[PDB]
Each structure stands twice: as C-alpha cells, then as structure tokens.
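Trainee: This is model-v2.csv (CSV, N, CA and C atoms).
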```
chain,number,residue,atom,x,y,z
K,486,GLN,N,-23.6,37.1,33.7
K,486,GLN,CA,-24.5,36.6,34.8
K,486,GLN,C,-24.1,37.3,36.1
K,487,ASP,N,-22.8,37.5,36.3
K,487,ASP,CA,-22.3,38.2,37.5
K,487,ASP,C,-22.8,39.7,37.4
K,488,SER,N,-22.6,40.3,36.2
K,488,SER,CA,-23.0,41.7,36.0
K,488,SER,C,-24.5,41.9,36.1
K,489,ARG,N,-25.3,40.9,35.6
K,489,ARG,CA,-26.7,41.0,35.6
K,489,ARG,C,-27.2,40.9,37.1
K,490,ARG,N,-26.6,40.0,37.8
K,490,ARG,CA,-26.9,39.9,39.2
K,490,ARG,C,-26.6,41.2,40.0
K,491,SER,N,-25.5,41.8,39.6
K,491,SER,CA,-25.1,43.0,40.2
K,491,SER,C,-26.1,44.1,39.8
K,492,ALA,N,-26.5,44.1,38.6
K,492,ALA,CA,-27.5,45.1,38.1
K,492,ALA,C,-28.8,45.0,38.8
K,493,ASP,N,-29.2,43.7,39.1
K,493,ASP,CA,-30.5,43.5,39.8
K,493,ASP,C,-30.4,43.9,41.2
K,494,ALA,N,-29.2,43.8,41.8
K,494,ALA,CA,-29.0,44.2,43.2
K,494,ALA,C,-29.2,45.7,43.3
K,495,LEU,N,-28.6,46.4,42.3
K,495,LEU,CA,-28.8,47.9,42.3
K,495,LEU,C,-30.2,48.3,42.2
K,496,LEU,N,-31.0,47.5,41.4
K,496,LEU,CA,-32.4,47.8,41.2
K,496,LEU,C,-33.1,47.6,42.5
K,497,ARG,N,-32.8,46.5,43.2
K,497,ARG,CA,-33.4,46.3,44.5
K,497,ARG,C,-33.1,47.3,45.5
K,498,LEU,N,-31.8,47.8,45.4
K,498,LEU,CA,-31.4,48.9,46.3
K,498,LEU,C,-32.1,50.2,46.0
K,499,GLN,N,-32.3,50.4,44.7
K,499,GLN,CA,-33.0,51.6,44.3
K,499,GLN,C,-34.4,51.6,44.8
K,500,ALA,N,-35.1,50.5,44.8
K,500,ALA,CA,-36.4,50.3,45.3
K,500,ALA,C,-36.5,50.6,46.8
K,501,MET,N,-35.4,50.3,47.5
K,501,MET,CA,-35.4,50.6,49.0
K,501,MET,C,-35.3,52.0,49.2
K,502,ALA,N,-34.6,52.7,48.3
K,502,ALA,CA,-34.3,54.1,48.5
K,502,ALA,C,-35.5,54.9,47.9
K,503,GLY,N,-36.4,54.2,47.3
K,503,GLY,CA,-37.6,54.9,46.7
K,503,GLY,C,-37.2,55.8,45.6
K,504,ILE,N,-36.3,55.3,44.7
K,504,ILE,CA,-35.9,56.1,43.6
K,504,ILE,C,-36.5,55.6,42.3
H,458,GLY,N,-12.7,55.6,45.2
H,458,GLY,CA,-13.8,54.7,45.5
H,458,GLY,C,-13.6,53.9,46.8
H,459,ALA,N,-14.7,53.9,47.7
H,459,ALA,CA,-14.6,53.1,48.9
H,459,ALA,C,-14.6,51.6,48.6
H,460,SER,N,-13.8,50.9,49.4
H,460,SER,CA,-13.7,49.5,49.3
H,460,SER,C,-15.0,48.8,49.8
H,461,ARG,N,-15.1,47.6,49.5
H,461,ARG,CA,-16.2,46.8,49.9
H,461,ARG,C,-16.3,46.8,51.4
H,462,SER,N,-15.2,46.7,52.1
H,462,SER,CA,-15.1,46.7,53.6
H,462,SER,C,-15.6,48.0,54.2
H,463,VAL,N,-15.2,49.1,53.5
H,463,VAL,CA,-15.6,50.4,54.0
H,463,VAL,C,-17.1,50.6,53.9
H,464,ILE,N,-17.7,50.2,52.8
H,464,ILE,CA,-19.1,50.3,52.6
H,464,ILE,C,-19.9,49.4,53.6
H,465,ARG,N,-19.4,48.2,53.9
H,465,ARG,CA,-20.0,47.4,54.9
H,465,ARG,C,-20.0,48.1,56.2
H,466,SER,N,-18.9,48.7,56.6
H,466,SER,CA,-18.8,49.3,57.9
H,466,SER,C,-19.8,50.5,58.0
H,467,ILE,N,-20.0,51.2,56.9
H,467,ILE,CA,-20.9,52.3,56.9
H,467,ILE,C,-22.4,51.8,57.1
H,468,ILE,N,-22.7,50.6,56.5
H,468,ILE,CA,-24.0,50.1,56.7
H,468,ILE,C,-24.2,49.7,58.2
H,469,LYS,N,-23.2,49.0,58.7
H,469,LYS,CA,-23.2,48.6,60.1
H,469,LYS,C,-23.2,49.8,61.1
H,470,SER,N,-22.6,50.9,60.8
H,470,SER,CA,-22.6,52.1,61.6
H,470,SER,C,-23.8,53.0,61.5
H,471,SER,N,-24.7,52.7,60.5
H,471,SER,CA,-25.9,53.5,60.3
H,471,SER,C,-26.9,53.3,61.4
H,472,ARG,N,-28.0,54.0,61.4
H,472,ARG,CA,-29.0,53.9,62.4
H,472,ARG,C,-30.3,53.1,61.9
H,473,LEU,N,-30.1,52.5,60.7
H,473,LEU,CA,-31.2,51.7,60.1
H,473,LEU,C,-31.5,50.5,61.0
H,474,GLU,N,-32.7,50.0,60.9
H,474,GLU,CA,-33.2,48.8,61.6
H,474,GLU,C,-32.3,47.7,61.2
H,475,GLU,N,-32.1,46.7,62.0
H,475,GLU,CA,-31.3,45.5,61.8
H,475,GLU,C,-31.6,44.7,60.5
H,476,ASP,N,-32.9,44.5,60.2
H,476,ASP,CA,-33.2,43.7,59.1
H,476,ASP,C,-32.9,44.5,57.8
H,477,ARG,N,-33.0,45.8,57.9
H,477,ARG,CA,-32.7,46.7,56.7
H,477,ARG,C,-31.2,46.6,56.5
H,478,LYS,N,-30.4,46.6,57.6
H,478,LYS,CA,-29.0,46.5,57.5
H,478,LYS,C,-28.6,45.2,56.9
H,479,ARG,N,-29.2,44.1,57.4
H,479,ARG,CA,-28.9,42.8,56.9
H,479,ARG,C,-29.2,42.6,55.4
H,480,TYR,N,-30.3,43.1,54.9
H,480,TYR,CA,-30.6,43.0,53.5
H,480,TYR,C,-29.6,43.8,52.6
H,481,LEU,N,-29.2,44.9,53.1
H,481,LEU,CA,-28.3,45.8,52.4
H,481,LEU,C,-26.9,45.0,52.2
H,482,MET,N,-26.5,44.4,53.3
H,482,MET,CA,-25.3,43.6,53.3
H,482,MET,C,-25.4,42.4,52.3
H,483,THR,N,-26.6,41.8,52.2
H,483,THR,CA,-26.8,40.7,51.3
H,483,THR,C,-26.7,41.2,49.9
H,484,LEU,N,-27.2,42.4,49.6
H,484,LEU,CA,-27.2,43.0,48.3
H,484,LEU,C,-25.7,43.3,47.9
H,485,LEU,N,-24.9,43.8,48.9
H,485,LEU,CA,-23.5,44.1,48.7
H,485,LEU,C,-22.7,42.9,48.1
H,486,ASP,N,-23.0,41.7,48.6
H,486,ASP,CA,-22.3,40.6,48.1
H,486,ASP,C,-22.6,40.2,46.6
H,487,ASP,N,-23.7,40.7,46.1
H,487,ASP,CA,-24.1,40.5,44.7
H,487,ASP,C,-23.5,41.6,43.8
H,488,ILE,N,-23.0,42.7,44.4
H,488,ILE,CA,-22.4,43.7,43.6
H,488,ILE,C,-21.1,43.2,43.0
H,489,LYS,N,-20.8,43.5,41.7
H,489,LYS,CA,-19.6,43.1,41.1
H,489,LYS,C,-19.0,44.3,40.3
H,490,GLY,N,-17.7,44.6,40.6
H,490,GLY,CA,-17.0,45.6,40.0
H,490,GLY,C,-16.9,47.0,40.7
H,491,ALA,N,-15.9,47.8,40.4
H,491,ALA,CA,-15.7,49.1,41.0
H,491,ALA,C,-16.9,50.0,40.6
H,492,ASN,N,-17.3,50.0,39.4
H,492,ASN,CA,-18.4,50.9,39.0
H,492,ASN,C,-19.7,50.6,39.7
H,493,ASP,N,-20.1,49.4,39.8
H,493,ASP,CA,-21.4,49.1,40.5
H,493,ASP,C,-21.3,49.3,42.0
H,494,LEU,N,-20.1,49.1,42.6
H,494,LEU,CA,-19.9,49.3,44.0
H,494,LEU,C,-20.0,50.8,44.3
H,495,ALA,N,-19.5,51.6,43.4
H,495,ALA,CA,-19.6,53.1,43.5
H,495,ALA,C,-21.1,53.5,43.4
H,496,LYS,N,-21.8,52.9,42.5
H,496,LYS,CA,-23.2,53.2,42.4
H,496,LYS,C,-24.0,52.8,43.7
H,497,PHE,N,-23.5,51.7,44.2
H,497,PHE,CA,-24.2,51.1,45.4
H,497,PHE,C,-24.0,52.1,46.6
H,498,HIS,N,-22.8,52.6,46.7
H,498,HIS,CA,-22.4,53.6,47.7
H,498,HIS,C,-23.3,54.8,47.6
H,499,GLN,N,-23.5,55.3,46.4
H,499,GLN,CA,-24.2,56.5,46.2
H,499,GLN,C,-25.7,56.3,46.6
H,500,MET,N,-26.3,55.2,46.2
H,500,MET,CA,-27.7,55.0,46.6
H,500,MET,C,-27.8,54.8,48.1
H,501,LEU,N,-26.8,54.1,48.7
H,501,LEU,CA,-26.8,53.9,50.1
H,501,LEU,C,-26.9,55.2,50.9
H,502,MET,N,-26.2,56.2,50.4
H,502,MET,CA,-26.1,57.5,51.0
H,502,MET,C,-27.5,58.1,51.1
H,503,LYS,N,-28.3,57.9,50.0
H,503,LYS,CA,-29.7,58.5,50.0
H,503,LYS,C,-30.6,57.8,51.0
H,504,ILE,N,-30.3,56.5,51.3
H,504,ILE,CA,-31.0,55.8,52.3
H,504,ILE,C,-30.6,56.1,53.7
H,505,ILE,N,-29.3,56.3,53.9
H,505,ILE,CA,-28.8,56.6,55.2
H,505,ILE,C,-29.2,58.0,55.7
H,506,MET,N,-29.5,58.9,54.7
H,506,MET,CA,-29.9,60.3,55.0
H,506,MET,C,-31.4,60.4,55.0
```
Produce structure tokens that represent the structure in this file.
Mentor:
Amino acid sequence: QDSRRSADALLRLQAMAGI
Amino acid sequence: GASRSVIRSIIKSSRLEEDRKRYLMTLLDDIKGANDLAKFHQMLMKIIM
C-alpha cells in the first residue's frame, strides 16, 4: 500500500512533467 | 542519492509558482524508499528545467 501510493505519486509527478 | 531534505530544498529554491511547489512537496511525502525518491528527483529535474 505504501509502495503503491509511492508509485501513484510518481505517476502524478510524471503528468506534471508532461512525460 | 539526495536525501528527502535536499530534494525538498531544491523544490523550495526553484522558480516554480507557489501552488506548483506546494503540490510537489505533498507528492514527496507519499514517496517511499530510496529508489522512488531517486526517480522523483529525476522527474523533478525535468520540471525545474
């Protein structure tokens, strides 16, 4: 759950970077 | 690998708008582990540039 939350944060970050 | 504190300082020292900075800091608290923190730092660089 901690890792999935971390994975989702990276996905949200990726979207901000437009990657 | 940069520590959590170093990464936060980088966000704070960037020229991004305040709300963008605040959301990045919120995302940082959800990051878990050295590997994901390193990936966070890498993507952050693309945004800062």
Trainee: Compile the contact shell of region 492-502 of chain K as a list in words: residues with an atom at most 8 Å away, counting all atoms listed in the file, same-chain residues fewer than 4 positions apart removed.
Mentor: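 The residues that qualify are residues 486, 487 and 488 of chain K; 481, 483, 484, 485, 487, 488, 489, 493, 496, 497, 500, 501, 503, 504 and 505 of chain H.
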Trainee: Using DSSP on the backbone, list every residue of chain K that comes out as helix (DSSP H, G or I), and give them as a PyMOL selection string.
Mentor: chain K and resi 487-502
Trainee: Just how far from CA of residue 478 (chain H) is atom C of residue 490 (chain H), in Å to one decimal?
Mentor: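 Separation of atom C of residue 490 (chain H) and CA of residue 478 (chain H): 20.7 Å.
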Trainee: What is the distance, in Å and to one decimal place, between CA of residue 506 (chain H) and atom N of residue 489 (chain K)?
Mentor: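 About the pair CA of residue 506 (chain H) and atom N of residue 489 (chain K): they are 27.8 Å apart.
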Trainee: Distance atom C of residue 470 (chain H)-atom N of residue 490 (chain K), one decimal place?
Mentor: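 Between atom C of residue 470 (chain H) and atom N of residue 490 (chain K) the gap works out to 27.2 Å.
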Trainee: Hey, which of H:474, H:469, H:462, H:486 ends up closest to chain K? Count all atoms listed in the file.
Mentor: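 Closest to chain K, using all atoms listed in the file: H:486.
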Trainee: From the structure just shown, export chain K with C-alpha atoms as a PDB file, in the first residue's frame.
Mentor:
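Wrote it out as out23.pdb, contents follow:
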```
ATOM      1  CA  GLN K 486       0.000   0.000   0.000  1.00  0.00           C
ATOM      2  CA  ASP K 487       2.932   2.276   0.813  1.00  0.00           C
ATOM      3  CA  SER K 488       4.686   1.311  -2.420  1.00  0.00           C
ATOM      4  CA  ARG K 489       1.506   1.696  -4.483  1.00  0.00           C
ATOM      5  CA  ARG K 490       0.933   5.152  -3.011  1.00  0.00           C
ATOM      6  CA  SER K 491       4.539   5.986  -3.902  1.00  0.00           C
ATOM      7  CA  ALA K 492       4.032   4.603  -7.429  1.00  0.00           C
ATOM      8  CA  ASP K 493       0.915   6.747  -7.861  1.00  0.00           C
ATOM      9  CA  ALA K 494       2.796   9.845  -6.658  1.00  0.00           C
ATOM     10  CA  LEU K 495       5.417   9.247  -9.353  1.00  0.00           C
ATOM     11  CA  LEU K 496       2.636   8.895 -11.951  1.00  0.00           C
ATOM     12  CA  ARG K 497       1.152  12.196 -10.805  1.00  0.00           C
ATOM     13  CA  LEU K 498       4.606  13.760 -10.968  1.00  0.00           C
ATOM     14  CA  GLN K 499       5.114  12.372 -14.465  1.00  0.00           C
ATOM     15  CA  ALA K 500       1.868  14.025 -15.570  1.00  0.00           C
ATOM     16  CA  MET K 501       3.098  17.385 -14.282  1.00  0.00           C
ATOM     17  CA  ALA K 502       6.314  16.974 -16.247  1.00  0.00           C
ATOM     18  CA  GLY K 503       4.277  16.077 -19.313  1.00  0.00           C
ATOM     19  CA  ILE K 504       6.070  12.762 -19.756  1.00  0.00           C
TER      20      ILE K 504
END
```
